[PDB]
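Both ligands and their constituent atoms are indexed starting at 1 by order of listing. Proteins come first, then strands; the chains are lettered A, B, ... in the order of their sequence lines, and each starts at number 1. Only heavy atoms go into these numbers, but all of them, side chains included; no hydrogens, no water, no symmetry mates.
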Protein chains: 2
Amino acid sequence: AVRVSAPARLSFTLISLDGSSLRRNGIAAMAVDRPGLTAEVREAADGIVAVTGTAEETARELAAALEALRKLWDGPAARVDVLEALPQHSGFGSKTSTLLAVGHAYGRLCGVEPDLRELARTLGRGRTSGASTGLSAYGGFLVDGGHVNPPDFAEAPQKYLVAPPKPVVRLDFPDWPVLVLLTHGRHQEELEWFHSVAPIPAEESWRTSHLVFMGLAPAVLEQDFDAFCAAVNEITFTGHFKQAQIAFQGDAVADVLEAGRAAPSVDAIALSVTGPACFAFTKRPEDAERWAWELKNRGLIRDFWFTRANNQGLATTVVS
Amino acid sequence: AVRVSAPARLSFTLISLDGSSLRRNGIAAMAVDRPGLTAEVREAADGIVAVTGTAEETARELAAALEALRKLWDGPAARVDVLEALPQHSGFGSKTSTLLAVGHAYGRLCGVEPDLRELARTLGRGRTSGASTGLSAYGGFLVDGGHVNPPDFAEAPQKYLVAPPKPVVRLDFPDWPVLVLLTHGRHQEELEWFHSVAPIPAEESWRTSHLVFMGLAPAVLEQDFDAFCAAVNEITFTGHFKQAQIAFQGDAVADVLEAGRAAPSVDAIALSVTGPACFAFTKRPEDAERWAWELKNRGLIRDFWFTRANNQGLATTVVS
Ligand SMILES: O=P(O)(O)OC[C@H]1O[C@H](OP(=O)(O)OP(=O)(O)O)[C@H](O)[C@@H]1O
Ligand SMILES: O=P(O)(O)OC[C@H]1O[C@H](OP(=O)(O)OP(=O)(O)O)[C@H](O)[C@@H]1O
Ligand SMILES: [Cl-]
Ligand SMILES: [Cl-]
Ligand code: NA
Ligand code: NA
């Protein structure tokens, strides 16, 4: 049995979504320990693939992947037990991350030492984002540079959409705690919404790159907490595309974001994609704990925990 | 004797120079083999420091640095022979690069294995740019994230100005040739000019970050030659601050840039800082050679050569 552990992906924002930029997409993101993945891959005695833990959507994709990889690497039929599943469609990058974790695990069970980028590609993942792919096996803080726009992009709708973008920035995240918040956000509809908001104005695409590459990244690099928070907040309460994500989601997340900005125990707060997960940074975590406990009791958030960044990516060890 | 070789620094552009951005400065740059530095540091028998090769400006700073480092590391008086000096104030980053090269060399002569960032700082270098500091001992292609703007930046003139910025992006440069061009550019006056052009509009600061981080860098990362050139050109013929550098310099460089854009054997061209050095990229270097030879004969450029990127930084070896 191979026992794989992997961090969740928290996303800051999408970058280039205008009708005239050289490239499209591009994502700033970081990895954290909780919520985490823990799965155990081993030989199925009867010779039939199996998947335990996790919801039906990923459960089938897990099986399809393991069926695929079986004949790819000529390995055995494998049972995987997801002991700790990453919350699905909650803004944690669960599908990409689990698939790569289990995939890498099934590889180690065989002989192979797979490349996660080509594995992601094999399994149909990372056709918009390199975030979760990058964050497996590097962890930390990264920004991928998206995809090159073809000559006939002046028209767009290619923003909606194989080749998973490599990280153009990749840094260790400082030893700062991260407060995770489960809001009452929900998870067609958005396909329609996406076309109503995008393509965004060029100025904003540019500005987002500015806040990501000349705000977030240098501050992470230099371990400047104040500078880091100033950039996280400016993205959250000001990022054109982020605002659209927030506004669409509604009061359920907006109230929590606003409360964090108000709260003096919270130095910055963010939404991860659209999914209910928000996250926050604080130099007074003891005060923040009490604030989030207060929020959870009142029923404005479902849950909260502190975690820390993962600067490794996934990790495997052989057990029995 | 320690024999040190170091690459030149070619600069693409300065990034954030507006009155309201989170950070200021920020520089995209690459390292090349020619023009290069080659120096040899050894013990001065008579016990008096000495500097041969190079112009009077760096010659004294070389000595001051070696005097400084002598009592810092309690080492011997050292003679340095600059066998191949980097052209001074020509847009090659000669001062920073030589100082760090010779400094690192004098260190190896002693016992120490110096950090180039703290060495740069010790020698008063890299108070605007991390370009040449970064490019010593990493080489390749990098972008530094500048400096954090203080609360009282709304007013500016802090854009003119110790802590040398670390590289937020650092990548191997692909195996593409680089055509270097010595134009008839010249090298107070610009101190005045700088205040007339800066601070630049915010939109442009943002846009420059966009072309650097979502243009240059991903293309370098993915080794996409067409994408790379599209971004280099957009910076050169469109970069607000770059245009100001070009326009100020005048016909001497402008004519060469325009000729490269016209020339079908040149896929992209750039100015390095303001200094006479321009550089260009081509997928038909054989045709480009003939174009530059033609230019040099007519007297529109002083000289030209092809070189390639350095992906190491400086290098030392012990000789006698
Ligand atoms: O390949 P990744 O970097 O993970 O991201 C790809 C997509 O998945 C994300 O959803 P979410 O964060 O909810 O993850 P999940 O849908 O897989 O649960 C988000 O909607 C991205 O567009
Ligand atoms: O510390 P660096 O990254 O080298 O760059 C610092 C400064 O030096 C450069 O001049 P130039 O490229 O002409 O080099 P030189 O003046 O040292 O010759 C340029 O004017 C930069 O503002
Ligand atoms: Cl804690
Ligand atoms: Cl060549
Ligand atoms: Na707050
Ligand atoms: Na051309």
Side-chain angles (χ1 to χ4, degrees), chain A residues 7-8 10 30-36 151 173-181 223 225 228-229 263 265-269 279-293 296 303-311, chain B residues 7-8 10 30-36 173-181 183 223 225-238 246 253-271 278-296 300-301 303-311:
Chain A
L10 298 171
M30 58 172 302
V32 297
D33 283 355
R34 204 180 196 90
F173 197 78
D175 293 331
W176 300 330
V178 186
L179 178 62
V180 177
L181 302 168
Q223 314 202 316
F225 185 73
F228 176 74
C229 294
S265 75
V266 171
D267 291 292
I269 194 162
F279 60 106
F281 305 89
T282 173
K283 71 177 80 187
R284 294 177 192 77
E286 63 280 14
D287 295 344
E289 178 89 18
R290 287 182 225 104
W291 169 80
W293 175 263
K296 192 181 168 180
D303 200 14
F304 80 95
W305 57 82
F306 271 97
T307 191
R308 273 157 187 282
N310 189 300
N311 287 322
Chain B
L10 298 171
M30 58 172 302
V32 297
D33 283 355
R34 204 180 196 90
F173 197 78
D175 293 331
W176 300 330
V178 186
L179 178 62
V180 177
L181 302 168
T183 68
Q223 314 202 316
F225 185 73
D226 284 352
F228 176 74
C229 294
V232 171
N233 286 330
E234 181 78 331
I235 288 168
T236 296
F237 300 108
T238 269
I246 291 163
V253 316
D255 286 355
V256 177
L257 293 182
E258 174 61 359
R261 184 167 64 185
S265 75
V266 171
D267 291 292
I269 194 162
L271 175 59
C278 290
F279 60 106
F281 305 89
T282 173
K283 71 177 80 187
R284 294 177 192 77
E286 63 280 14
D287 295 344
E289 178 89 18
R290 287 182 225 104
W291 169 80
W293 175 263
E294 202 167 20
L295 271 266
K296 192 181 168 180
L300 187 46
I301 64 180
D303 200 14
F304 80 95
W305 57 82
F306 271 97
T307 191
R308 273 157 187 282
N310 189 300
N311 287 322

Q. Looking only at atom types and distance, does a side-chain atom of B:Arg308 sit under 3.5 Å from a main-chain N or O of B:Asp33, one as donor and one as acceptor?
A. no

Q.
Is it the case that the side chain of A:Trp305 and the backbone of A:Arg34 share a donor-acceptor pair, with hydrogens and angles ignored and the cut-off at 3.5 Å?
A. yes

(Q) When you measure from the side chain of B:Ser265 to the backbone of B:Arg284, do you find a donor-acceptor pair of N or O atoms at a distance under 3.5 Å? (A) no

Q.
Using a distance threshold of 3.0 Å, state whether an N, O or S atom of B:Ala263 lies below it from the Na ion (ligand 6).
A. yes

(Q) Using only atom types and a distance under 3.5 Å, with no angle test, would you say the side chain of A:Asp267 pairs donor to acceptor with the backbone of A:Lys283? (A) yes

Q.
Between B:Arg261 and the Na ion (ligand 6), is there a contact where an N/O/S atom of the residue lies under 3.0 Å from the metal?
A. yes

Q: Nearest 10° is fine: what angle sits at the Na ion (ligand 6) between O from B:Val266 and O from B:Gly260?
A: 80°

